[PDB]
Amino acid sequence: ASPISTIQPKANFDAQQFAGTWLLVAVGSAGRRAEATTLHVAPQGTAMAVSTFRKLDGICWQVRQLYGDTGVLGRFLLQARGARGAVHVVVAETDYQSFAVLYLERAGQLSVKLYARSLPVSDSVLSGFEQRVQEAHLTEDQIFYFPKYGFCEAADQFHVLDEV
């Protein structure tokens, strides 16, 4: 049925190895200014607590979310409330140590995201991500690259949004 339902998750996905800091590199999407984005991931039971830090006009903003486990390892759900509808997430490919390719579905629309432990991303991984975007029926023109400078990973109490 849903486009993401057929996306294969990382075999034996290990949240413990996936924990830590990830940098958002690019997003392939047909929907719709990219901010330097850093994720801090931590296992929470069978789910993953995810804090995303975004730099906007010199200020760091944090959003706390919970990627709930939908059953199969590597498949998650981000609750719908206040913002928009429910978002399904799948960690499809990752070596845990350098890159991760995640697929997300919102309102029935599938998008693909590339994360890296550090920059630069290897040529093989960039080309691989592009191949996955093409296979997802998206064009190179639908790939949006995020900042490689201006990252932040700490926000004060006045710039934190808790969705959990």
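We number the residues from 1 along the sequence you see.
- Coordinates are absent for 4 to 9 residues of the deposited sequence placed between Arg32 and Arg33.
- As listed in the deposited structure, the average C-alpha B-factor of 113-121 and of 45-53 is greater for 45-53.
- In this entry, 72-80 shows the higher mean Cα temperature factor of the pair 89-97 and 72-80.
- Reading the B-factor column for the CA atoms of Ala36, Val133, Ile59, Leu39 in the entry, the top value corresponds to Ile59.
- The deposited CA B-factor of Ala26 belongs to the lowest third of values across its chain.
- Per the deposited record, the Cα B-factor of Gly20 falls in the lowest third when ranked against the other modelled residues of its chain.
- Among the modelled residues of the chain, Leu104 sits in the middle third by CA temperature factor in this PDB entry.
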